[PDB]
Amino acid sequence: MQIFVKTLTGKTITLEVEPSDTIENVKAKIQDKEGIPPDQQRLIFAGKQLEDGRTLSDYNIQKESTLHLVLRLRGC
Amino acid sequence: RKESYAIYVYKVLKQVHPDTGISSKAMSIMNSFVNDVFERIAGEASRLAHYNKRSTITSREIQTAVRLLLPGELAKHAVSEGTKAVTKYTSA
Amino acid sequence: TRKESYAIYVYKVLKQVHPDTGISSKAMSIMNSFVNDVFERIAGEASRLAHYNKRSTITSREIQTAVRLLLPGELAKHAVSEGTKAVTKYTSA
Amino acid sequence: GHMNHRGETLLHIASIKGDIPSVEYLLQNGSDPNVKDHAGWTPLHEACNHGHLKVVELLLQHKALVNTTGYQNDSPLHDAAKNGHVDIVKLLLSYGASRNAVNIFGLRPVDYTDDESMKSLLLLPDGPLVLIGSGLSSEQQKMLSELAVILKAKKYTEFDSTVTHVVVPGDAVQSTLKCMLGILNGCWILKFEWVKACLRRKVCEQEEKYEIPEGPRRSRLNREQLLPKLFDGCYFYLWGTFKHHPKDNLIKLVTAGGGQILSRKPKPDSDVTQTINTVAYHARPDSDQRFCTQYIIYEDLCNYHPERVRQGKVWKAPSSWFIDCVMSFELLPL
Amino acid sequence: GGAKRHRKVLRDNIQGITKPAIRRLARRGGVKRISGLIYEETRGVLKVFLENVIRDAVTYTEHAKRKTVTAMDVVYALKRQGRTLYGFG
Amino acid sequence: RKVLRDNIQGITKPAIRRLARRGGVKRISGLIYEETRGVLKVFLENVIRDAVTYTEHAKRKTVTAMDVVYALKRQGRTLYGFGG
Amino acid sequence: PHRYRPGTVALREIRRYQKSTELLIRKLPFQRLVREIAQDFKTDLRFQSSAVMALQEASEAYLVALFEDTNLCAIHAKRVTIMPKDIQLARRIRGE
Amino acid sequence: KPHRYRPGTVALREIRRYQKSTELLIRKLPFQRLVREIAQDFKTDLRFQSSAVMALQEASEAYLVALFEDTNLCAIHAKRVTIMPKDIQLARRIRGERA
Amino acid sequence: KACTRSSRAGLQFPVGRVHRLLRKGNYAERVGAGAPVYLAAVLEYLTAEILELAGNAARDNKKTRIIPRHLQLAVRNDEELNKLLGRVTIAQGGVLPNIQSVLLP
Amino acid sequence: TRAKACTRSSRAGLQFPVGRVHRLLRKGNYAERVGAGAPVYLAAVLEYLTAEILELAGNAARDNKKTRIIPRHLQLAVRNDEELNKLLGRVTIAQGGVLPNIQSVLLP
DNA sequence: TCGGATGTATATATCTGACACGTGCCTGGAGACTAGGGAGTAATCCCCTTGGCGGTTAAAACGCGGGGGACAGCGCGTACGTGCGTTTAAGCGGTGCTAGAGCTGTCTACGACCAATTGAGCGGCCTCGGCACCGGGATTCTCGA
DNA sequence: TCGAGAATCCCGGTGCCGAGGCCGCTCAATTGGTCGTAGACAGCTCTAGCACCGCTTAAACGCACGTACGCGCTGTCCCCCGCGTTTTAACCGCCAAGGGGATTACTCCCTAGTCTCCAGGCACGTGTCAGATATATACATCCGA
């Protein structure tokens, strides 16, 4: 179970995801990949905003689902 | 100075096709397509904002306009693209 | 709140073109939709003529040219004559 | 028989308002309870949703198909749990009937209950006979025609929406348009010996002894058990040009199989492909083919194995695989 | 959870455009003789035209955040396709 | 400055034959070369009237390549490749 | 006993349904068909009493306008009866 | 010895050679003279942009080809293979140009 | 001194209402003073022509009330009106009474 | 006094100019108050349509063993796609020709 | 050409519901004044259209032979029009329920607007290679037995 | 079922010009505030959309029958196509001239905006007569003989 986080530059990354975890841990995992701060990550999938607090299975993110990641304009 | 979407249509081609060019006449057609489709959607949203007595062209009006003009699955794909884009825009 | 239509004006035109002939309700709605459709055709073509020449106003020329473009043949030849006569009677008075 | 504009038969409207005397009246007269309306809800579904028990008891005792699929492949357990009936799901589990069922979304009934009691109670270990020939001879077609006109039947233009019986001259089923439309619709496939049996007795025979025990038989049992078609929630896209089987013939195959022809090549990294959220009923129970049901079909002539058959939720399968699917009435892995 | 509501839908109602109805539309068109295979073709063409018109009438309604397809957004759905309709506006 | 006349015959019979071959026509009747010229004159008049009145509204005397595209757009025949 | 030759009543109905303006399709079956078609596009969509009328007043006027062209094609093939190929050709020419 | 193609095979190779090409099938100068003589009763002494007559021609060739693609289906509808002056009129009446 | 603009030009259609609809329709940033008096005169002529033809049809039909059928006859009987109103569908309008020569015995 | 000037096109990930689309939506008198997300949505729709047409034109050009896209390739790409042909149904792509196809009855 | 059944047009009673007319009012149209800029008008540059002359050859024109298709005629079956008995939902009235259209009031977040800034796009030029063109050898149609 | 000849395609080599790139420049996109108001949202009201039931009744439907004609086959001819020869003007190159398109500067008159005033048309009734509805009568049309 892995996803594809596509940054606005077009470069995508692969990272292990638990099928029943929440967004907080997988958002903090991006810090171990590119050093992105969790407070200002704002990942997007299927046109939704995917705010923290809810699990990933709520948005029905299956395997190899390409997500997005826009950063607030203060550090982009 | 005349304006054209040539700089952009080349960028979109380098995305859809890394090794592919476009002749002057094809850029002139693709620019006319982007201007014609832009005019179609803008006029639809204009007629769509006047039907509801509105005065603001919102993302919803453009979404309905591209749902009206574009046929078949093309509209369902363009709506998703516009949605993905505006979500990344307003989230920054 | 309420709707607006050319019902009274269509009635006044019918009273002078056919003083003994009346009109129905469904036929009045059809005439109201027809006047509202030719309006959106001549005014819709006026926007285009103004933009094509980078103009910002809709003068009498940008309405005469739209009558000439949309109206077919003899109707256009007579419509521009009626419009010019109306403009002449309006500016002089 | 008599039906409503919504496909609701007499038993449907009798079980919706839960009128039990009418239910007994129509069940003791011989009305078939395993019927789906224009949506696909059976009397079991309606009864379970509205909260009625005696009608469910009579339906279960009158040999009604309990493992049925409703509008969005909703099993009766789904509605019975979605509407909070505990004794109802208890009575349903008293007969079993695939407690681990699945809707089009993929949500097993447990994902509906939102109730502790149900979550703890769930997890414990015919009409006109149309006879038309498929690739037969001249005198064979005349024989089928006279057998149809003596047995009160008709002769259609190689297919219609009311075809129930097809025939094969050989022992194995071919791969032409008509046999695919027969298998996907769940018709009876005969080895041309059934007409030979009827011409000796001048009456109808049993179709069980003259049916081939392969994929078509699985499709027949699928149609009889009211389960959905083969290619349900599977979206198919025809890439390039086809010469063996026309693109139009494949389009008709996908339409008859219940699948949607995607008009635009499904990009594996787009949002539309990943927002599908549908499963396939005939996908392998717990393999990597249920959550990813979107196929790009192509004739295996030049483009060989691209070393990647699945990229997310988009599959690249050859047309020979699509034909072998109808051969076996399954979704073979890749 | 779920909608907890069976969605009762209609099906095969294209047969409501019966054979005599198609014959009277033809007779009005000016047709003298009518082949038997054209009724299915006619009702299919009618279903296609309605799906092309109602789809625009529905999205004209979904935009206004309504749930009743009015008569003014149907004539608007017909004006877009060129089939202007006088009498309802 | 020059007065021109009878120039529709300039659309020669082999030109119409080439147009029909491009359209997919395999065999052409001898009377097609006179009806096609009439249809061509009708269409060219319908487009050129709109182009010329566009030019007259623009207070010009040179029918540009843009007002012709506009005249083709008015008749539902938008032409790509000449917008600029 | 007394039987209008095949075609006499046909012309008698052509002369009848052309001078009349009443709707030739039954209103309730067309309303049910509209509700059956619109259910694919949005669930629980309601229709005004005038919406279905406006949706049928221009729907049969399109079918009648199609059948004029189907006749003009059946006559082109030196025939009297119209066939599915006539409607197919009319739609292909008209851009449908 | 005098190899003479059958009637009908040169037309097929002429269709195959003009459907894959994009060049204008009508000579430029006669079409230009036709346009200039048509635009003589509307407004006399009128100039034409070099890209205007080409745009008129680029649209006119496509129009006459789409008409010849529609009038050929009428010829096949009548169980024929040649287009007659009676089917162009039909294709223009169905399209809405002579009704 | 309340002489309306529709009475100055001698028209019967509203000049003020046409001006308001041209200003509200968002057709241009500015609107000339001679545009409403011109557009209200073309609409007054088109109406005075379609109604004239409809009244003629009603007189030839032995009636004194214009109905949608008479409007359809007036629109489809004139060559210019049939080209202008060629794509419209007049509700309750019917069809021009005509039969092909091949169908008549 | 001012942070980095990140253009709106790169903020939405799309390639077309959000700023130019916004300027043209405002300066074409389509409405009085053009929204902020409307130019982004319209630029995204235009970019998707352009990407689809260009992908189909490149696929048509690779079939002709050519890299540079010509109007003929655009005509072969639009007229071969059902949806894109419905969109451009009344459009003449100059120097595009027609689709190569002969009627099955005309062939011997 | 004549006789009988019937569709179609025409004159008359009554009749009812939609059309023509009267009235309150309020909101949109008209007057008057002011301010700003969009467009009319004059002058200027150049460039892009028009016109002409000379040579070439490839498309156009014309004559001719032939065969393939357009068209007329005839036969055959079959499928469609037509009439009759049956049925089956369409349609109209009457009532009931309520979901949602429509209007009203708050307010707040979003978009117009102006000032300062800068960098991305646009025009000018500059170079090189994908593509047009030509020649040679090896696969498909096509005529013609 | 075979033999000579034409067209299509692939590979290799050459060369004019347009696509991609670079640089100077500028004006339009971006950012930052600031303020006005458009519409999102909550709330209330009413009506029309939906649903049902009962009764009648005209149209949809199934079936039997006759025949109109759609289609297939045959024969005739004629005219359109393929080809060779003559013709001719489209096209390319070059040169010249000037009419108008684009631009800029100046100005002024026309139209948006605002305040005020007023009466024209719409909602609401309300009386009334013209086309339907039925009844009776006469003329032209189709079918059979």
# chains A, B, ... in the order shown; residues from 1 in each chain; ligands from 1
$ residues_around --residues "residue B:17" --least-positions-apart "5" --cutoff "9 Å" --atoms "only C-alpha atoms (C1' of nucleotides)" --output "count of residues only"
4
$ interface_residues --of "chain E" --to "chain D" --cutoff "8 Å" --atoms "only C-alpha atoms" --output "number ranges by chain"
E: 1-2, 4-11
$ select_by_dssp --residues "chain G" --states "alpha helix (DSSP H)" --output "number ranges by chain"
G: 8-17, 27-38, 49-57, 60-76, 84-94
$ select_by_dssp --residues "chain G" --states "strand (DSSP E or B)" --output "count of residues only"
4
$ closest_atom_pairs --of "chain B" --to "chain C" --cutoff "12 Å" --atoms "only C-alpha atoms" --output "Markdown table"
| residue | atom | partner | partner_atom | distance |
| --- | --- | --- | --- | --- |
| B:39 | CA | C:48 | CA | 11.2 |
| B:43 | CA | C:44 | CA | 10.4 |
| B:46 | CA | C:44 | CA | 11.6 |
| B:47 | CA | C:40 | CA | 10.7 |
$ write_last_selection --atoms "N, CA and C atoms" --output "tab-separated table (two decimals), in the first residue's frame"
chain	number	residue	atom	x	y	z
B	39	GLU	N	-14.04	31.82	-25.57
B	39	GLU	CA	-15.19	32.67	-25.87
B	39	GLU	C	-16.50	31.92	-25.66
B	43	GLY	N	-19.07	33.26	-22.89
B	43	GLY	CA	-20.41	33.65	-23.27
B	43	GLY	C	-21.48	32.80	-22.63
B	46	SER	N	-21.74	34.01	-19.16
B	46	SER	CA	-22.43	35.30	-19.20
B	46	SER	C	-23.93	35.11	-19.31
B	47	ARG	N	-24.37	34.26	-20.24
B	47	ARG	CA	-25.78	33.91	-20.31
B	47	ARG	C	-26.24	33.11	-19.10
$ closest_atom_pairs --of "chain K" --to "chain C" --cutoff "12 Å" --atoms "only C-alpha atoms (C1' of nucleotides)" --output "JSON lines"
{"residue": "K:18", "atom": "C1'", "partner": "C:25", "partner_atom": "CA", "distance": 8.4}
{"residue": "K:19", "atom": "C1'", "partner": "C:24", "partner_atom": "CA", "distance": 7.4}
{"residue": "K:20", "atom": "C1'", "partner": "C:22", "partner_atom": "CA", "distance": 9.5}
{"residue": "K:27", "atom": "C1'", "partner": "C:2", "partner_atom": "CA", "distance": 11.7}
{"residue": "K:28", "atom": "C1'", "partner": "C:4", "partner_atom": "CA", "distance": 11.4}
{"residue": "K:37", "atom": "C1'", "partner": "C:56", "partner_atom": "CA", "distance": 11.1}
{"residue": "K:38", "atom": "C1'", "partner": "C:56", "partner_atom": "CA", "distance": 7.5}
{"residue": "K:39", "atom": "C1'", "partner": "C:55", "partner_atom": "CA", "distance": 8.7}
{"residue": "K:102", "atom": "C1'", "partner": "C:1", "partner_atom": "CA", "distance": 8.9}
{"residue": "K:103", "atom": "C1'", "partner": "C:1", "partner_atom": "CA", "distance": 8.3}
$ write_last_selection --atoms "C-alpha atoms (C1' of nucleotides)" --output "PDB file, in the first residue's frame"
ATOM      1  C1'  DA K  18     -60.641  33.242 -22.010  1.00  0.00           C
ATOM      2  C1'  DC K  19     -60.231  38.049 -23.877  1.00  0.00           C
ATOM      3  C1'  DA K  20     -61.045  43.107 -23.629  1.00  0.00           C
ATOM      4  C1'  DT K  27     -41.506  51.797  -9.446  1.00  0.00           C
ATOM      5  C1'  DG K  28     -39.320  52.549 -13.579  1.00  0.00           C
ATOM      6  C1'  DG K  37     -13.484  60.213 -21.549  1.00  0.00           C
ATOM      7  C1'  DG K  38     -14.610  57.774 -26.076  1.00  0.00           C
ATOM      8  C1'  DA K  39     -14.665  58.825 -30.208  1.00  0.00           C
ATOM      9  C1'  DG K 102     -40.142  32.272  -3.701  1.00  0.00           C
ATOM     10  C1'  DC K 103     -39.626  36.328  -0.822  1.00  0.00           C
TER      11       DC K 103
END
$ residues_around --residues "stretch 85-100 of chain I" --least-positions-apart "5" --cutoff "7 Å" --atoms "only C-alpha atoms (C1' of nucleotides)" --output "ChimeraX atom specification"
/E:30,82-87 /G:18-22,57-58 /I:68-69,72-73
$ write_last_selection --atoms "N, CA, C and O atoms" --output "tab-separated table (two decimals), in the first residue's frame"
chain	number	residue	atom	x	y	z
E	30	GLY	N	-45.82	14.17	-43.21
E	30	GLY	CA	-46.14	14.05	-44.61
E	30	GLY	C	-45.88	12.67	-45.16
E	30	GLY	O	-45.94	12.45	-46.37
E	82	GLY	N	-29.99	25.36	-30.57
E	82	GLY	CA	-30.60	25.96	-31.74
E	82	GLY	C	-32.09	25.75	-31.86
E	82	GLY	O	-32.75	26.52	-32.58
E	83	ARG	N	-32.65	24.75	-31.19
E	83	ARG	CA	-34.08	24.46	-31.27
E	83	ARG	C	-34.85	25.43	-30.38
E	83	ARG	O	-35.43	25.08	-29.35
E	84	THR	N	-34.86	26.69	-30.80
E	84	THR	CA	-35.55	27.73	-30.04
E	84	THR	C	-37.04	27.41	-29.95
E	84	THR	O	-37.65	26.92	-30.90
E	85	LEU	N	-37.62	27.69	-28.78
E	85	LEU	CA	-39.01	27.35	-28.49
E	85	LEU	C	-39.75	28.62	-28.07
E	85	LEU	O	-39.47	29.17	-27.00
E	86	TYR	N	-40.68	29.07	-28.90
E	86	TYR	CA	-41.49	30.24	-28.59
E	86	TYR	C	-42.79	29.80	-27.93
E	86	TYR	O	-43.44	28.85	-28.39
E	87	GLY	N	-43.17	30.48	-26.85
E	87	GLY	CA	-44.44	30.20	-26.21
E	87	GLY	C	-44.36	29.97	-24.72
E	87	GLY	O	-45.38	30.06	-24.02
G	18	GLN	N	-52.08	17.64	-40.37
G	18	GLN	CA	-51.30	18.80	-40.76
G	18	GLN	C	-52.03	20.11	-40.53
G	18	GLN	O	-51.37	21.14	-40.31
G	19	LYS	N	-53.36	20.11	-40.57
G	19	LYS	CA	-54.15	21.29	-40.30
G	19	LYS	C	-54.47	21.46	-38.82
G	19	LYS	O	-55.06	22.47	-38.44
G	20	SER	N	-54.10	20.50	-37.99
G	20	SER	CA	-54.34	20.56	-36.55
G	20	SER	C	-53.05	20.87	-35.81
G	20	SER	O	-51.95	20.66	-36.31
G	21	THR	N	-53.21	21.39	-34.59
G	21	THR	CA	-52.08	21.76	-33.75
G	21	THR	C	-52.00	20.96	-32.46
G	21	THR	O	-51.04	21.13	-31.70
G	22	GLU	N	-52.98	20.09	-32.19
G	22	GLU	CA	-52.97	19.32	-30.95
G	22	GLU	C	-51.79	18.35	-30.93
G	22	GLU	O	-51.33	17.87	-31.96
G	57	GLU	N	-43.60	19.83	-26.59
G	57	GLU	CA	-44.06	20.67	-27.69
G	57	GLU	C	-42.97	20.87	-28.73
G	57	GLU	O	-43.26	21.01	-29.92
G	58	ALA	N	-41.70	20.87	-28.31
G	58	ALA	CA	-40.57	20.95	-29.22
G	58	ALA	C	-39.92	19.60	-29.47
G	58	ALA	O	-39.00	19.51	-30.29
I	68	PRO	N	-51.61	30.65	-32.09
I	68	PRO	CA	-50.29	30.14	-32.49
I	68	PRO	C	-50.26	29.50	-33.87
I	68	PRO	O	-49.23	29.57	-34.55
I	69	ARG	N	-51.36	28.88	-34.30
I	69	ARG	CA	-51.41	28.31	-35.64
I	69	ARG	C	-51.26	29.40	-36.70
I	69	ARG	O	-50.54	29.22	-37.69
I	72	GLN	N	-47.67	30.53	-36.80
I	72	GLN	CA	-46.84	29.56	-37.51
I	72	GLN	C	-47.04	29.67	-39.02
I	72	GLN	O	-46.07	29.62	-39.78
I	73	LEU	N	-48.29	29.81	-39.46
I	73	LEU	CA	-48.55	29.97	-40.89
I	73	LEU	C	-47.89	31.23	-41.43
I	73	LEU	O	-47.28	31.21	-42.50
